[PDB]
Protein chains: 2
Amino acid sequence: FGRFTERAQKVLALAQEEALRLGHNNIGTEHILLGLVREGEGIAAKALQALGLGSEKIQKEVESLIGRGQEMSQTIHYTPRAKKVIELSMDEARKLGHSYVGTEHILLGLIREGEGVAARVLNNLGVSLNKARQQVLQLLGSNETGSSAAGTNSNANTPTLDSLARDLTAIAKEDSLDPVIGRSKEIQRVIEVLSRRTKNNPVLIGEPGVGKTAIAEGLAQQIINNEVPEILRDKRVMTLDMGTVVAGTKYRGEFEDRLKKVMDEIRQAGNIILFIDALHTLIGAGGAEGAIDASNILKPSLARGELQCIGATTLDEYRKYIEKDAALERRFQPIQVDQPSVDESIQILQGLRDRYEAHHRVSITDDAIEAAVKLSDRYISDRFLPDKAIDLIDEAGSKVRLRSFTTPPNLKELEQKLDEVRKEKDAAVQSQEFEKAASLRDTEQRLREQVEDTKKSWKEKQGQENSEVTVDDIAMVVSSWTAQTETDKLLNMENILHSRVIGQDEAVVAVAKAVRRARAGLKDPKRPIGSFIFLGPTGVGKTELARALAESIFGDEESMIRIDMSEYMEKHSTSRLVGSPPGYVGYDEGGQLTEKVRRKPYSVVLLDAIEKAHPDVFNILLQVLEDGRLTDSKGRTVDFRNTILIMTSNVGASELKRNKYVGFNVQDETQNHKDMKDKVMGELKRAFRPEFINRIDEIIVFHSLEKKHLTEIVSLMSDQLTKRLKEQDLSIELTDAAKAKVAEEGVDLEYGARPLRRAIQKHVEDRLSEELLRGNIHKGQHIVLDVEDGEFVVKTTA
Amino acid sequence: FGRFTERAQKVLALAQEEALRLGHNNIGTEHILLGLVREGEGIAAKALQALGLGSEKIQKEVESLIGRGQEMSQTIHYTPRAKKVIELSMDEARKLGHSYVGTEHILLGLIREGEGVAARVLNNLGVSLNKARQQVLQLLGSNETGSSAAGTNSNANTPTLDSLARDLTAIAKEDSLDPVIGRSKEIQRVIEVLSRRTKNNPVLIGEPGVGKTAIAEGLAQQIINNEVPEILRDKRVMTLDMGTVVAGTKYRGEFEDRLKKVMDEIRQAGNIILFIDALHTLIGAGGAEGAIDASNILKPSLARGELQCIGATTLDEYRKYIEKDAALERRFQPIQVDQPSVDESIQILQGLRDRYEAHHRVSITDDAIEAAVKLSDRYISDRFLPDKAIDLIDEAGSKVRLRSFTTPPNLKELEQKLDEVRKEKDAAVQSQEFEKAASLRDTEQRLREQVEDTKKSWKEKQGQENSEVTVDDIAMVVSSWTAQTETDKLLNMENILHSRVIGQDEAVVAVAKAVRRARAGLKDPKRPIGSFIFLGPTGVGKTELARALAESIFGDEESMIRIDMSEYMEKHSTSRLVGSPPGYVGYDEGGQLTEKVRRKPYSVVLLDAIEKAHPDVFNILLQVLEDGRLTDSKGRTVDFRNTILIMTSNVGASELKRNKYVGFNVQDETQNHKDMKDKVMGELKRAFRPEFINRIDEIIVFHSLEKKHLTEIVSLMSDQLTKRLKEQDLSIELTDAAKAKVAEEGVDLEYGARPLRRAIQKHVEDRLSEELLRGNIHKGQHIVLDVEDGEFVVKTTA
């Protein structure tokens, strides 16, 4: 373990002394035994001496098992028996508590390791081996700790405080506990619920979902010193926990009987505080289920303040307790409970980082935590504000030690060598090849040991590397799952967003900067990270930007919703049954929009075609854009904070399907640019409400494509082609010359961004494939699609 | 078995020695016994010798039984008894482990086979039969390997490992384990999630599915040597086995107690790795009911990092774990899981090739293996990417062994002869006919031995067949459920689609080549391997091609969906229906379309008439045409990846239908071909959208009711007549002359292939049946439908 006590380690080192002193190549088990008795006293040492085995008795036998010499101490490590004895003490101390191993455990371990040289020493000297293991044990007392013992107090406390349970106050008198976190005003407010008497029962309302029990340790501390009543001092805090009741009982009826007994013993009352987790479940009122009706005993108890108690209830549970009354509502009284906000997250991270330095890393870093947390709160966005965080910290809190030790020192080849040896050796010895095996053995185990020496030479790489949990590290994780390599995504957002967006330096930079503004807490987070309307036709860069955002902002693309407004416009699905029959605004709110975004909160919510949806739909969209929430689906709250709203329209489309011209002039092109960035955002206003648009940060125009943008759609569709065919069959590349010939056809004055899919289809997909059908190209070769003399020719370069 | 160890086989063979050495012309059981003891000191031999039965006692008895001395042996074979001793020992070696058979088992088997002469030999020589079986048994020698016995001891290690369960590392240190081929890239990403302790726990979320456990065996192996962190210092990996916990307890309370016990012993913490299979089920979160609520012990265990564990959860299950939190989520953490990609598939196949040698019908070929995978991957697809594969290997991996013994040179006839003999013989011995029976036995047993000789002359039919699995072999089998005879289907696709489909050679070749283009992986197959528009009037070639495509691509015709989009109505029936219109488009998206294509993943989806059949449908289909997917049915994704989308049309029909027949045109014909290949596809564009059409592979025109196309429609319908009556037993053939006379009546510029059914009905069905009524033809004679001189005539030729 290397986290043993002295005492163990000492009998063991005494073993080596006898190794050479008695002449043993390998420090035998006989020496570990000698080690115990030669340290004189120590529970092992003493133990052997109890049975009558002094150093005298032992050594006569020991020298009679291996005499002198062998003073060479040939590769002095232990004998394998003796090595087992060391392993044995570790477990012989685990079972007997001890994480740090002593003398005793080794003598106990010897007995265990009973065919060993030691073992035979004792069984030869007339002392039964088990008589020895006994002897160590009966001196391995292992007195109380984490508690104290010296007397007996109390009579009436006996029946009550016994039952049920740990007694939180007790565990907080002598620490065997941790703060852990709060919820500080809750503790004040608990004493608000506890310095009264009619409604003397605290009732914590909130998600549970923060580790309610952390708050509880709060009361303990504060009820003692010094905010507590004048004659309703001498308070005791007694915990009532379900787990103790159910175990070995296995019945609700019996559980009720035991609980009844507990309420009776609480007769030390008028000074007692009871902790009741999930108070509704016991009350039995509300919902189809009652989840037991403890209420018969529990309710009058709650009202009197004999069961002056702390109720841990939730959002719904409080309804289902106050509904009874007036002793579950002439007892109850609620208090507003906290759960971590963004800053709180950071603090939690640090607090339990440090204890996983048992796990030799984690340790570090403030900044790293900040990455886990800060990046998470707004983006990914896959759990809760601190929960998200810790995973990120920890992936990376491992990640680097793995890439560190990606081999031995690169001496991974060594193991490979040693294999080949063993084989040669083995097979050679099985045939013989006598001395032709000789050298093979020697080469084998020589090598083997060398390998192992250098396998811990990247323990130098441990002392070099093995704590990294840094900004970038964490940040890599935050992008990895879906504050450096997420904020490098943020800072370099424009670069990332352009690479899929079909030209449109205009579109990209507008979205990029707006998301980047929010994404480091500069714009507005109680709104989407960016609200936008993206106008244009199909295949212009709209969708492509939505995607590129999912990737950049959250780390991976899968955090992207994409909702058709056409399914529930109540103006294009009204009675056309698009999707399913549900009455359409009800379909969107009551189900689809709210459920989906509630599932993925990070989601780039892409609400397609808000162009001609019913004006009521826009009121909902406006609420998403402003509030960063919608409340629908019978009172569920759906998080649009961390969303990136991108609402598309194809009313810009007309203008955004003209290219960046190739029209009547070449000065029509530089008049198409300005035309697309102006005409679109006003066809937007004509298509739907300004009030809606008033909650939208920037109106992104996705300019139709003139190369620059043409040769970038051709290179997106053709690149989507060349990659989807590599998994099953051929390697395709289109030369730049061939991407050019398609882009000329992606021109139209009136269809500047749509025609491209078909023309990649015909000119790439169809073209390689009709060339496999001829036998010009094939599966599994590299297909360069080239221009021959102004006609495509599929060439091979494999 | 035919795979026995020496010791057995030798004692047995020594019987044959005594057979002739004493003359016993059938090698008796007495000789098997002699066989044991004359083989000296095998466990059988040795055994008898312990009880006192040396060779001396045995042969002395033996020679006093059958004894001397007709040194030959009758067909030198055994007694039936002695043959039984061999069969018995084999089983007496199965019992005692032993895959093969050893000496002991033969003596043990003798005792068992106790009416044998040996048994009586031993019971004559003063040693009880059971004293002999005793001795062999208690010298238990059998086949061995998987050594792990040499004596072991530990103290605390005892409580954990007892319960519950196998140790993955252990089975991989004696290597009774196998890799197994993963799912390799997953394992690195786990050790990041595992060398943690702030979120200590990996939790694998994904399809389970080819064996989740392959990833698990991964960890074990990497955690030993050496790329493993020092974060993960001195780790052991222990696997959860749910089955042992539930067994022998038969109660939830007891089950909980055992799990609790395990969590306690995990006190070896910070040095232990726990593998928890199906981790959600124990947490018991979500649903109407839980799933088992081990959670009380398990949740804090997960949080502490004592149960630093690897969770194997499923698609929904992770939701139901973060649903608890933040210790079932602040410990837990999800990871992206692998299920083998197409290349990985191939490798698996081969990996288990060598054990298919046990059935001897594959090993080999690679080329076939690839087929198993690839052909299946793209074309149905009713299993996962490697499962599909392996099944095909073995499918073919038997197929040829069946052709082996169905047709060798057919010494099946031999056996047939031998039959006739026995009968004759038997009945002859019974008739008497006695010496006339004599020779009949002799002819019988002669035959019997010959029979048996020529069936193992078809061990030459084994050395010929008994391991291959060839290209075609796999491919044909791939066609049987669902490279050669699936890629011959691909290469010869035009030929195959024409052989069932009409004179629309234009259409056939266009579709054939377009599917064959995609289906060989050189044209976009993310979306259907062919999207199409099929123009023509109904019954022309359109439907028929949809069928022929299924047949060619998948090897079965009945993998063809078929939806009419025009049937979806009530899509404007507001108050018109009554007061609400609940249904039809909602049925199509919400259930029918998505479920059906998801059911048969790849299948010719034949979307009938979308000329104006809800303009919204064309958009919905467009998403299929582009992506290969639709998302409907409340979040199901339907893969139309290598479906063949065929969207039908009969709006071009009018021109497609037009003539090419003589008797009335000689210049409209040569204006109907050229007219159809342009004009048809433009009546299409008004009936769809260009946006739709741009994501279509090709726009197919079925030049129809030509001269030519007719007599092929007539030959499909009339051939369906001649075939549909054979089940009810009538043989019909139409001569080409009679199919021609009907074909004249479906052509002009106007009509369709509609009147062809009616006229086939009249001239074949109705007429032949009225010809049974007139008595020229009957039921079950061959009916030739001929033309006499221009007047129809039904002739008979059977």
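Heads up, the Cβs are rebuilt from the backbone with ideal geometry, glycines too, and the neighbour counts pull from every protein chain shown. Each value in this text was obtained by applying a stated rule to the coordinates, not by laboratory testing.
Residue check: is A:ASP387 of a type outside the set (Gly, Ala, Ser), under 16 Å from the mean Cα position of the chain (by Cα) and buried (at least 24 other Cβ atoms within 10 Å of the Cβ)? Working first, answer last.
Numbers: of a type outside the set (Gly, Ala, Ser): yes; under 16 Å from the mean Cα position of the chain (by Cα): yes; buried (at least 24 other Cβ atoms within 10 Å of the Cβ): no.
For A:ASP387, the condition - of a type outside the set (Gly, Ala, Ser), under 16 Å from the mean Cα position of the chain (by Cα) and buried (at least 24 other Cβ atoms within 10 Å of the Cβ) - is not met.
I'd like the full set of residues that are outside any helix (DSSP H, G or I) and out of contact with any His (no Cβ under 8 Å at 6 or more places or on another chain), limited to the range B:454-507.
Those that are outside any helix (DSSP H, G or I) and out of contact with any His (no Cβ under 8 Å at 6 or more places or on another chain): B:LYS456, B:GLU468, B:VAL469, B:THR470, B:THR482, B:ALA483, B:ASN492, B:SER499, B:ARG500, B:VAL501.
Have a look at A:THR244, A:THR249 and point out the one that is within 14 Å of another protein chain (Cβ to nearest Cβ) and either within 16 Å of A:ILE276 (Cβ to Cβ) or assigned to a helix (DSSP H, G or I) (or both).
A:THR244
Name the residue that is farthest from the other protein chains (Cβ to nearest Cβ), counting only residues in the range A:372-395 that are of a type in the set (A, V, I, L, M, F, W, C) and in a helix (DSSP H, G or I).
If we take residues in the range A:372-395 being of a type in the set (A, V, I, L, M, F, W, C) and in a helix (DSSP H, G or I), then A:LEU375 is farthest from the other protein chains (Cβ to nearest Cβ).
So is B:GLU104 surrounded by 24 or more Cβ atoms within 10 Å (Cβ to Cβ), touching an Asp or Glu at 6+ places or on another chain (Cβ under 9 Å) and of a type in the set (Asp, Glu) or not?
Criteria met by B:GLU104.
How many residues does the range A:276-307 hold that are within 35 Å of the chain's Cα centre (by Cα) and either of a type in the set (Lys, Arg) or crowded, with 22+ Cβ neighbours inside 10 Å (or both)?
4
Read through the list (1) part of a loop (DSSP other than H, G, I, E, B); (2) within 10 Å of another protein chain (Cβ to nearest Cβ), then give the number of the only condition that A:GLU415 fails.
Unmet for A:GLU415, out of (1) part of a loop (DSSP other than H, G, I, E, B); (2) within 10 Å of another protein chain (Cβ to nearest Cβ): (1).
Can you find even one residue in the range B:165-184 that is charged (D, E, K, R), away from chain A (no Cβ under 14 Å), surrounded by 15 or more Cβ atoms within 10 Å (Cβ to Cβ) and on the phi > 0 side of the Ramachandran plot?
Checked the range B:165-184: at least one residue is charged (D, E, K, R), away from chain A (no Cβ under 14 Å), surrounded by 15 or more Cβ atoms within 10 Å (Cβ to Cβ) and on the phi > 0 side of the Ramachandran plot.
Can B:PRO208 be described as more than 8 Å from chain A (Cβ to nearest Cβ) and either closer than 30 Å to B:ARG3 by Cα or crowded, with 17+ Cβ neighbours inside 10 Å (or both)? Write out each step before concluding.
Working: more than 8 Å from chain A (Cβ to nearest Cβ): yes; either closer than 30 Å to B:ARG3 by Cα or crowded, with 17+ Cβ neighbours inside 10 Å (or both): no.
The answer is no for B:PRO208.
Please specify each residue of the range A:318-361 satisfying the condition of being among the hydrophobic types (A, V, I, L, M, F, W, C), within 14 Å of chain B (Cβ to nearest Cβ) and in contact with a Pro (Cβ under 9 Å, 6 or more places away or on another chain). Spell out how you get there, then give the answer.
Start the filter on the range A:318-361 by keeping residues that are among the hydrophobic types (A, V, I, L, M, F, W, C), which leaves A:322, A:326-328, A:332, A:335, A:337, A:342, A:346, A:348-349, A:352, A:358.
Narrowing the set further to residues that are within 14 Å of chain B (Cβ to nearest Cβ) leaves A:346, A:348-349, A:352, A:358.
Matches in the range A:318-361: A:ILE346, A:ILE348, A:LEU349.
Somewhere in the range A:527-536, is a residue within 14 Å of chain B (Cβ to nearest Cβ), outside any loop (DSSP other than H, G, I, E, B) and buried (at least 22 other Cβ atoms within 10 Å of the Cβ)?
no
Can you tell me how many residues in the range A:401-412 are surrounded by 20 or more Cβ atoms within 10 Å (Cβ to Cβ) and either part of a helix (DSSP H, G or I) or more than 36 Å from the chain's Cα centre (by Cα) (or both)?
2
For the range A:657-678, name all the residues that are surrounded by 22 or more Cβ atoms within 10 Å (Cβ to Cβ) and aliphatic (A, V, I, L, M).
A:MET676
In the range B:682-798, which strands (runs of 3 or more DSSP E) lie fully inside it and hold 2 or more residues that are farther than 30 Å from B:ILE620 by Cβ?
In the range B:682-798, the matching strands (runs of 3 or more DSSP E) lie at B:731-734, B:782-787, B:792-796.
Looking at (1) out of contact with any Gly (no Cβ under 9 Å at 6 or more places or on another chain); (2) buried (at least 20 other Cβ atoms within 10 Å of the Cβ), which one does B:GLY42 not meet, given that it meets all the others?
Condition (1) is where B:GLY42 drops out.
Pick from A:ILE369, A:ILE310, A:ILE364: which is surrounded by fewer than 22 Cβ atoms within 10 Å (Cβ to Cβ) and either assigned to a strand (DSSP E or B) or within 14 Å of chain B (Cβ to nearest Cβ) (or both)?
Result of the check over A:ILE369, A:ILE310, A:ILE364: A:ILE364.
Please count how many residues of the range A:413-455 are of a type in the set (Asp, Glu) and under 33 Å from the mean Cα position of the chain (by Cα).
Qualifying residue count for the region: 0.
Looking at (1) more than 14 Å from chain B (Cβ to nearest Cβ); (2) in a helix (DSSP H, G or I), which is the one condition that is false for A:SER398?
All conditions pass for A:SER398, except number (1).
Which one is nearest to the chain's Cα centre (by Cα) among residues in the range B:229-241 that are aliphatic (A, V, I, L, M) and more than 7 Å from chain A (Cβ to nearest Cβ)?
Initial filter on the range B:229-241 (aliphatic (A, V, I, L, M)): B:231-232, B:237-238, B:240.
Narrowing further to those that are more than 7 Å from chain A (Cβ to nearest Cβ): B:232, B:237-238, B:240.
On the way: B:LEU232: 42, B:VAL237: 34, B:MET238: 34, B:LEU240: 30 Å.
It comes out as B:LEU240.
Is it the case that A:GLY521 is at positive phi, in contact with a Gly (Cβ under 8 Å, 6 or more places away or on another chain), outside any helix (DSSP H, G or I) and not aromatic (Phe, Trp, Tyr)?
no
Could you tell me which residue of the range B:577-604 is farthest from B:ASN642 (Cα to Cα), considering only residues that are within 12 Å of another protein chain (Cβ to nearest Cβ) and among the aromatic types (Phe, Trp, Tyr)?
Selected residue: B:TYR584.
Taking into account only those residues within the range B:222-257 that are crowded, with 19+ Cβ neighbours inside 10 Å and of a type in the set (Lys, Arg), which is nearest to A:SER363 (Cα to Cα)?
B:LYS235
When the residues of the range B:536-550 are narrowed to those that are aliphatic (A, V, I, L, M) and under 30 Å from the mean Cα position of the chain (by Cα), which ends up farthest from B:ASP377 (Cα to Cα)?
Out of the qualifying residues, it is B:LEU545.
Please enumerate the residues belonging to the range A:95-132 that are charged (D, E, K, R), in a helix (DSSP H, G or I) and in contact with a helix residue (DSSP H, G or I) (Cβ under 6 Å, 6 or more places away or on another chain). Outline the logic, then answer.
Initially, the range A:95-132 is screened for residues charged (D, E, K, R), giving A:95, A:104, A:112-113, A:115, A:120, A:131.
From what is left, the residues that are in a helix (DSSP H, G or I) are A:104, A:112, A:120, A:131.
If the condition is that a residue be charged (D, E, K, R), in a helix (DSSP H, G or I) and in contact with a helix residue (DSSP H, G or I) (Cβ under 6 Å, 6 or more places away or on another chain), then A:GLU104, A:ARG112 are the ones that fit.
Exactly one of (1) exposed (fewer than 13 other Cβ atoms within 10 Å of the Cβ); (2) within 17 Å of B:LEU418 (Cα to Cα) is unmet by B:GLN432. Its number?
Status for B:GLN432: all satisfied but (2).
Mind checking whether some residue in the range A:448-456 is in contact with a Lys or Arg (Cβ under 9 Å, 6 or more places away or on another chain), surrounded by fewer than 19 Cβ atoms within 10 Å (Cβ to Cβ) and either under 30 Å from B:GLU329 (Cβ atoms) or not aliphatic (A, V, I, L, M) (or both)?
Yes, the range A:448-456 has at least one match.
Given (1) more than 30 Å from A:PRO528 (Cβ to Cβ); (2) away from every other protein chain (no Cβ under 14 Å); (3) more than 42 Å from the chain's Cα centre (by Cα), where does A:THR711 come up short, assuming only one miss?
Going through (1) more than 30 Å from A:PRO528 (Cβ to Cβ); (2) away from every other protein chain (no Cβ under 14 Å); (3) more than 42 Å from the chain's Cα centre (by Cα) one by one, A:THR711 breaks only (3).
Cβ-Cβ distance below 7 Å, separation of 6 or more or different chains: which pairs start in the range A:698-721 with a residue that is closer than 16 Å to A:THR538 by Cα and end on one that is in a loop (DSSP other than H, G, I, E, B) and of a type in the set (S, T, N, Q)?
Final answer for the pair search is A:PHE702/A:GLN504; A:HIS703/A:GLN504; A:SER704/A:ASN659; A:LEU705/A:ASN659; A:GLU706/A:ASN659; A:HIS709/A:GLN504.
Being surrounded by fewer than 14 Cβ atoms within 10 Å (Cβ to Cβ) and polar (S, T, N, Q) is the filter here; which residues of the range B:769-786 pass it?
Matches in the range B:769-786: none.
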